Every structure is written in structure tokens, then in C-alpha cells.
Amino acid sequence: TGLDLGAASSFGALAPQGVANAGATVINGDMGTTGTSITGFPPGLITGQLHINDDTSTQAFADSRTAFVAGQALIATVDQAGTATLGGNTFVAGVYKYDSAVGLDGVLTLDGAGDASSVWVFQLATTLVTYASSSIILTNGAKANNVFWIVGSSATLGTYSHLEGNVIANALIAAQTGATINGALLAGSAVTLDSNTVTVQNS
């Protein structure tokens, strides 16, 4: 249902070049790297399995990149061209193409329109920045596990923000103080965390 994440599907945080944590983070999911050590656990903790450079982390990373490539290759159903803002919108299922840096200030609503099989793929050509206390919400049967944020460079999740979905970034994912995620942080470089909660979702 949407992009196949393969062995990456159980990970809350996956980054080849490490996960660097500050504060009382809780990862409800697996965590891995391709060999780089993680730092800041404790005081962080994970409730799933740690996979630092084993067969699972190699296959999970490869699968995360396969999904990134497939996500970028999809034909857009909605061309948003140079639109810079996501906040204050209600989006039905689609592949949404954004050509430049996007921000989310306020609330974004993902409307399943009564169909739980609804898929969202956000094709963000460069950066994603979510603002402080921003939120993504699900209505009318939308499922977090069917939402994909395909971030063309790096994602910055703002302080005390809330995100639903699978963040598949080409490079860095930074979750600022208190950001919460129902989904996953699948980075192409590093993940930085500060007092976050990440909970992996199923569909």
C-alpha cells in the first residue's frame, strides 16, 4: 500500500552516518545505522531492536533508498510547482510535486475520503521545514503508514511539532526539541534528535 519500505518498515530511525540524541527521547521502533555509532542513548531509549551494522541494517538502508528512488520516480497527480506552504490545506490521496523549499506552519489535514487504502506521496524537491507546534492530522480513514514525505535534501521538524508519516530524506533529518512523529525517520545521512517521540505505525 504505497511505497514498499521492505526491511526499513520496522525502523523509527535509520541513518547510515549515525543517530545523535539529546534528552529523554523515546523511539517506539527499531533503530539502526550502517556502522556509525549512535550517541545519547541514554538518556534516549528505544523499545524495538537496535541494528548497528548487521544484515538487517544493510537491507533496511538499501530498502529505504529503493523507496526514495521509487518515490521520486512516481508521476505526480497534483503539480504544486513553486508553492512554498503546506499549512492550512486539506489533501486527498495523491502524488504532490513541490519544486522548491516547503514549510508547514499550522495544520495540514490528510483526508482519506473514507478510503483507508488512500496513499500520499509528497515529492519535495529540496528542504522540508515544519514550524513550532505545527501538526499533521488524519481524517476519514487516512493512515499514517500510507503517508510518505520524500525529502529531496534535508528535513527540519520544528520544536513541539507533530508529524504523521514516513520521512524518507536524501540527507539529514533533524527533529528539534519535543517534536513527535507517528511514522519513521529514514535519513540518507544522519538523524539528530532532541527529546522526541517516534512511534512506528502499521496499515
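From 1 onward, residues are counted along the sequence shown.
Between 164-172 and 44-52, name whichever shows the higher mean Cα B factor according to the PDB entry.
Per the deposited B-factors, the answer is 44-52.
Higher average CA B factor in the deposited record is what I'm after, so tell me if that's 128-136 or 108-116.
Mean B over CA atoms: larger for 108-116.
Which has the highest CA B-factor per the PDB entry: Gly178, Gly152, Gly35, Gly29?
Answer, based on the entry's C-alpha B-factors: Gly35.
Record-listed C-alpha B factor of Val198: chain third:
Lowest third - that is where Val198 ends up once the chain's C-alpha B-factors are sorted.
Chain-relative CA temperature factor third for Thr39
Its C-alpha B-factor belongs to the middle third of this chain's values.
For the chain shown, is the CA B-factor of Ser64 in the lowest, middle or highest third of its modelled residues?
Ranked within chain, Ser64 CA B lands in the lowest tercile.
Lowest, middle or highest third: which one holds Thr159 when the chain's residues are ordered by CA B-factor from the entry?
Middle third.
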